[PDB]
Structures are given as C-alpha cells and as structure tokens.
There are 2 protein chains.
Amino acid sequence: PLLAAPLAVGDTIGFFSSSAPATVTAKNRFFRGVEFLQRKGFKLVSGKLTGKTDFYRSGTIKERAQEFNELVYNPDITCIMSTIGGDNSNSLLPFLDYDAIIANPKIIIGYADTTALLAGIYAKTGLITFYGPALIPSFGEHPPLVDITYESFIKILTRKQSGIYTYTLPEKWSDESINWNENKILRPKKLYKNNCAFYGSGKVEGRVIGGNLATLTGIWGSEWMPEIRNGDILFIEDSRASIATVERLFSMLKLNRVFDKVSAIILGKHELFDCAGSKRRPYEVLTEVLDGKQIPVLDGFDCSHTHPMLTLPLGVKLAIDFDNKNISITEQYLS
Amino acid sequence: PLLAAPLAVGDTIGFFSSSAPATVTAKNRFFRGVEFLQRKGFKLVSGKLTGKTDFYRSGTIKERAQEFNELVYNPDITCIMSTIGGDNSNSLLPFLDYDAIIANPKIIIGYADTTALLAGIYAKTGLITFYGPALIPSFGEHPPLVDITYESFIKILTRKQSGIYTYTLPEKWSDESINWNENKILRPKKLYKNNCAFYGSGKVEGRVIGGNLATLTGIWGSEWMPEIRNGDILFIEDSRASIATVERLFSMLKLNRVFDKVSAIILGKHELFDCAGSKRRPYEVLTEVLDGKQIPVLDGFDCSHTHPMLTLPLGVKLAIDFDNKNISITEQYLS
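## Brief notes about the overall build of chain A
Inference 1: A count of helical and extended segments in chain A gives ten helices and 16 strands.
Inference 2: At 19 Å, chain A has a C-alpha radius of gyration in line with the 20 Å of a compact globule built from 335 residues.
Inference 3: Taken along its principal axes, the extent of the C-alpha atoms in chain A is 50 × 50 × 40 Å.
Inference 4: By sequence separation, contacts in chain A at least 24 residues apart represent 79% of the contacts at least 6 residues apart.

Dropping the structure here:
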C-alpha cells in the first residue's frame, strides 16, 4: 500500500469543500472547528472555495477538483481534511490529480459524501486514506464529545507504527440534532451508553473497505470503486436514512455478491435512523437480506455521523475479536 | 428479444405490491384505479399482499417475491401491473422465478422503484418489459389527465405490430402534489404547456435502456443491471430530487462510461425538481457533467412521475428525430 507520512502537532492542515458550502452556511461551527485545531497547535490553510457559494455546492465540478488538487500541490500540507460532506464529491473524480497524490502521499481524511474521494483515491493510487473527522461537523462539535473525537484523531495519526492498535470504546455517545450552528449551547446533548454489539465468535482479520454506503452508490461499477475481495471486512455507515433506504442499500450489496466475499461487516452507528414505527434496527434488516448467511457483524462502531467519532484507516487489515469484543488495526497505515 | 402476448380489451390484469403498501395507505386512490380499469372492461386479480402492511412495505422480501411469482404462474393473466413503487423491489430479484417468466411471458408494467424488476427481468430473461402505468398513482389519477395516460397504455399494448409507432405529445401536463387520496379533487391541478425540448439534430436510432435512475443504483454492478452498449439510447427519469442528487446521479453515469457509449439520452420530465434556488434545470446539470461530450438529448419525455404518462417498451429500438421533434418505436415489442 501507498502510505502517507504521520501527522505531527504543529503540522499544516489544508481544508477543502468538495460538496456543501458549509464554511458559509455553518460559519459559526466552521470557526469553532478552525479555532479548536489552531489551539491544538496546527496551522490551517483554507482551500480556495472557502467562503464561496454556488447554491447547493461550493462551486463548479472543475473548481472543486482544483481546490483539492491545489492542496495536494502545497508542500507544506501534511493533512488534507474535508470541511463537510453533502452529495457531490463523486463529480470530482475524473479531474483529481492522482499522479500528484502518488508523488506526494498525504493524509486524506473526511467522511460521509467524502467517501467518494476516499474510495476513489484508493482505487486509483492505493493510498491509505482515512474515514474520520471533517472540520465542521467533527471539530466544530462542542465539548465534551469533540475531545474524544480529537483523542482518536491524534492517537491514530501520530502514534508509532509498532504492533497492533486496539480501539478504545467511547463511554457515551449521541446523535441528537441540537447545537449545530448556534453560537451558544443552551443545553448539552443527551448522552447514551455505548450499545455496540459483537455478533459472532472467534477472530476475523481482513482488509477493511467501504465508508458511507449511500455515497458508494455514486461511484459503484466504475473504475473508482475499489474492488471488494475475498476476505475483506466491509465497513459501512449511513445517516438519517429510512428503514426502506437501508433495506435497498443492503439488498444492493447482496445483488452484487458482496456477502459471498466478506469475512465480517462493521456497521457504524446510524445517526437518527427512521424505523418507520417497526422498532427494527439496521442489523435486523441486514439479517433478513443475508438470508441465512453467517457473517459476523460488529454493530454500532463509533465511526459515523454520531458523536464522538473515531478515525479509521481504509484499505489496511483490521482484526475484530468477537469473543473479547474488540477491534484492532493490524497493518501499517502510515510511513 | 422475448416477447409477451399483446393486450386486448377484456383481458385479465394481475397487480402486485413489490414495495410500499399503498393498497392500504392510499386505499381511496387504489379503489378509484380499480374501478377505472374495470369500467374499461378489464378483469382484475389482486396479488396476495393486497390489503396487507409491514410498516414501510407490503411484506417480507420472500413474501413479495412470492406475490409476484404467483401472478406469473396464473395462465389467465395477460398483464402483471405494479400497484405502486417505493424503495424495495430490488430485494426481490434473487427470488423471482425467471424460468417461469421465460415459459410464460406476460406484459410486465410499472415505473419508479419497480424499475429494479423491469430491468432485472430483462437482464435475466430478455423479456421486453414496460415503463408505464402503475395502478394506484397512474390509474387512480383524477380526470382529465388519467384519460391521456390510458389512451397511451391501450394504444401501445393493443396496437398491431406493423410499421413504426410515433408517440403523440400530451398537450398539457402537471406534476403538482395534490388530489392524491380523496374522493374529490381539492382543486384542479395547474396544467402546463408541453415544454419538451429536442437538443440536437438528425435522427438517432438505438435500443432504449434504463428507467428510474435513483432506482438503478439499487441493482447497479449486479447481474440484474442490463449492460449498456455502444449505440444505446439511455432513458432516465427521477422524481422530487434535489439538484444535488441529480448531479450525483449524472456523475455516477459519467464515471461508469455511460456517456462514452450512448447515442442519445431521453430525460423524463422531473416531478417537482428542487433547484435549491439556482433556477437551473436537470439538462443544465447534465451539460456540466458531460464536459463537452456532444450527445443529443430529448429533454422532457412524458414517461415519468408527471401526469399524463406514456407507456414505453424497454430494450427495443427507438428512433428520435431531433429535426422533426418526435420519437418512435421501430422494433417489435409484443408478439
């Protein structure tokens, strides 16, 4: 695999808006995110579309591709971080400078819609990219949850690449839709005990692949969708979807023979899932779709739209121990 | 291709609910549709899931496949018609009796989510299926628009298979979300002049492939997605989508090299398109995505979620005359 250099405190982080123009529409939260990372000692470089709007997006397809490419060309930047997702990052894929990415590997990090870039770049370059924090939703989050997000971010990206890394489980989490772009808190988010479940036994080790499932539909079947291979661990998360949509997306995977290949499935916690009154969870829907297939599932991994969020390298081996109820990175993911 | 027997006045139509349980949730419109077809002389067979609910769907994946298969097994049925769409028909595809479909070809008709079945059955069997009226939304529509929908339905499915068929252009259309599920209209829908546009010149003739584009993402990459080939005419429609979603889906097609293959694109009228205040239409978004690729486009064909709706065979040759502003079926599509 192609590996980026590890992050260090004091490094320069560049940010880009590949879809929604939230540096404008969520300016308060954006500034909170900027100030948070600066106080940690990071220098920030704003992508050229910061502060711009083209209604539903930051700018044209070509301009968004250029914004990203320019961060790649900057020799001072060690980490390229999404500001926020949206719907439209898949548009950029024909125009990203993959040769430049190969020539100077950097940490590329974000989630949700940014999956199209994370998976696309991996498909074209073999670069290990990261499902993790975006500047606005993740680092604009109020304490205490932002601190746990940051603890994972910094641990994953700065640690020595010696031995396996075993994830810590966030004690509490939330998906409550409050304190988004308001300047003051009013009240802290409702906190839930971590209900992550390990369905299966033994230990499964395999290359992790995936991201936001809804977003994967935008690159599916193309040369930018990384091939899912025998033994892969499929990582998928979705946000604010109906149970109808969740069934549709799970069945899509089934039709594509994905469940004949994967050694395990990781389901990220689903932010504000709409069960249409059925009281069913995504795992139950997956079970129906699987039609007897005995795939072990880690249900409710904290790498999704819920807070706090852990940082996950994509394209390297993980080991899920279903008996000991833990998950580890077992393959080197930074240089 | 495999061809079904043509429809005739007095034939038996079977209906199924492969997704949303609208025989319950839109019972008044359902009853109006039933009465409409019965008054035309058709005999109706209710699918086994009629009057049933499983929250967001009519029943389990296997129950829904069984409902469909039972209609295929019935020798009296000439036409199998969707009641309504939803999100979940793609789930049925591993469980349909394709051998029975081949042995007993029937007219299979519906739209929107039912695209998964229409395209899937074609992929598996070569049967020419129909993008057209679903019982509840199409035939439960109040006059005067329902009569135009019916005129197309009956013409396409009963006409002698000799020479080309050239589509009539509905004089007026609407996409208003009113008058859904009550005995009486609240008020008449706004009736728009037909604003269909033919972008290009000369004549393009090729096999038509596609359907509801959002729905195609549910079967994409699988053995149930018909291969798009050089010279095909791509037919796509979507409903109530944001401009953001439309860009995403158009870019999906681009990434999949679809625009390197097709000789023309048909865009169905987009029901209540949300331009996010940009005042842009889907064609303008398509043009950006195409990135200078010159493909003639029929923008605004009346085969979509808008009323009235024409009936279109999928998988047979059409000829679009961009100079004379018309569209014709040029290949036999029923026995």
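## What about the relation of the copies chain B and chain A?
Inference 1: Once chain B has been moved 0.1 Å along the axis and rotated by 180 degrees, it coincides with chain A to within an RMSD of 0.3 Å. Such a turn and shift between the copies fits a two-fold axis. Measuring from the rotation axis to each C-alpha of chain B, the shortest distance belongs to B:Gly221, at 2.4 Å.
Inference 2: Both copies share a contact surface, since 100% of the interface residues of chain B are interface residues in chain A too.

## Things to note about the interface of chain B and chain A
Inference 1: Counting from both sides, the interface comprises 43 residues of chain B and, opposite them, 43 residues of chain A.
Inference 2: Between chain B and chain A, the buried area comes to about 3,600 Å², and carbon and sulfur atoms account for 48% of it.
Inference 3: When the area that chain B buries against chain A is broken down by residue, the three leading residues are B:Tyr56, B:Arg248 and B:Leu255, summing to 20%.
Inference 4: Our count for the chain B to chain A interface comes out at twelve salt bridges.
Inference 5: For B:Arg280, the salt bridge is made with A:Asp54, and the minimal N-O distance between the two is 2.7 Å.
Inference 6: Our count for the contact surface shared by chain B and chain A stands at 32 residue pairs in polar contact.

## Quick word on the UniProt feature "domain: LD-carboxypeptidase N-terminal" (unreviewed entry) in chain A
Inference 1: Per the UniProt entry, the sites bearing "domain: LD-carboxypeptidase N-terminal" (unreviewed entry) are residues 13–132 of chain A in this numbering.
Inference 2: Helix makes up 39% of residues 13–132 of chain A and strand 18%, whereas the separation of the span's terminal C-alpha atoms amounts to 14 Å.

## Overview of the pattern of salt bridges
Inference 1: Throughout the structure, instances matching the rule amount to 35 salt bridges over all chains.
Inference 2: With a closest N to O distance of 3.5 Å, A:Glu227 and A:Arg229 form a salt bridge.
Inference 3: A:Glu227 sits in the exposed class, given a relative accessible area of 51%.
Inference 4: For B:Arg57, the salt bridge goes to A:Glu247, with nearest N and O atoms at 3.1 Å. Placement of the pair is B:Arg57 in the loop between β2 (43–46) and α3 (61–72) and A:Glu247 in helix α9 (residues 243–255), with the two residues belonging to separate chains. Comparing B:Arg57 with A:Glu247, the two get one shared label, buried.

## Regarding the sheet that holds strand β3 (residues 77–82) of chain B
Through backbone hydrogen bonds, the strands of a sheet pair up, either in parallel or in antiparallel fashion.
Residues and elements named next belong to chain B.
Inference 1: An order of β2-β1-β3-β4-β5-β14 is seen for the six strands of this open sheet, with the pairing classed as mixed. Across the chains shown, the open sheet's two edge strands, defined by having one partner strand only, are β2 and β14 (312–314). Across the sheet, the mean angle separating the axes of adjacent strands is 30 degrees when strand polarity is ignored.
Inference 2: In this structure, strand β1 (residues 12–16) lies alongside β2, joined through four bridges in parallel fashion. Bridging from a neighbouring strand, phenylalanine 15 pairs with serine 46 of β2.
Inference 3: Packing of helix α2 (residues 27–39) onto the sheet brings it into contact with β1, β2 and β3, and relative to β2 it is tilted by some 145 degrees.
Inference 4: Here α3 sits on the sheet in contact with β1, β2, β3 and β4 (107–110), set at roughly 170 degrees to β1.

## A closer look at helix α5 (residues 115–125) of chain B
Within an α-helix, residues lying three or four positions from one another point in the same direction, as the helix has 3.6 residues per turn.
Inference 1: Burial analysis of α5(B) places nine of its eleven residues in the buried class, the great majority of the element.
Inference 2: Of all the positions in α5(B), only B:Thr115, B:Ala116, B:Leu117, B:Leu118, B:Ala119, B:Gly120, B:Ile121, B:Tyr122 and B:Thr125 are classed as buried.

## A look at the side chain of A:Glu141
All names here are of chain A.
Inference 1: Mapped onto the elements of the fold, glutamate 141 is located in the loop between α6 (135–139) and α7 (145–158).
Inference 2: Overall, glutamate 141 belongs to the buried group, its relative accessible area being 5%.
Inference 3: Polar contacts involving the side chain of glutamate 141 include one to the side chain of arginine 29, which spans 2.8 Å.
Inference 4: Engagement of the side chain of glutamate 141 in a polar contact is seen with the side chain of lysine 189, the distance being 2.8 Å.
Inference 5: Contact partners of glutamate 141, with chain neighbours within four places excluded, come to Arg29, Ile136, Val146, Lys189 and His307.

So, how was this worked out
- Residues numbered from 1 in each chain as written, not as in the entry; some residues may be left out.
- Chains lettered and ligands numbered in written order.
- Heavy atoms only, no water.
- Residues with missing side-chain atoms left out of burial classes, pairs and counts.
- Helix = DSSP H or I, 4+ residues; strand = E, 2+ residues; numbered from the N terminus.
- Rg over C-alpha atoms; globule rule 2.2 N^0.38 Å.
- Contact = heavy atoms within 4.5 Å.
- Least-squares fit on C-alpha atoms.
- Buried area = accessible area lost by both parts, 1.4 Å probe.
- Salt bridge = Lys/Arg side-chain N within 4 Å of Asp/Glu carboxyl O.
- Polar contact = N/O pair within 3.5 Å; in protein donor to acceptor, adjacent residues only side chain to side chain.
- UniProt positions renumbered as here; feature names shortened; annotations may be inferred.
- Buried < 20%, exposed > 50% of the residue type's maximum accessible area, 1.4 Å probe, protein only.
- Pairing = 2+ DSSP bridges.
- Axes fitted to C-alpha atoms, helices over the stretch in contact; angles between N-to-C directions.

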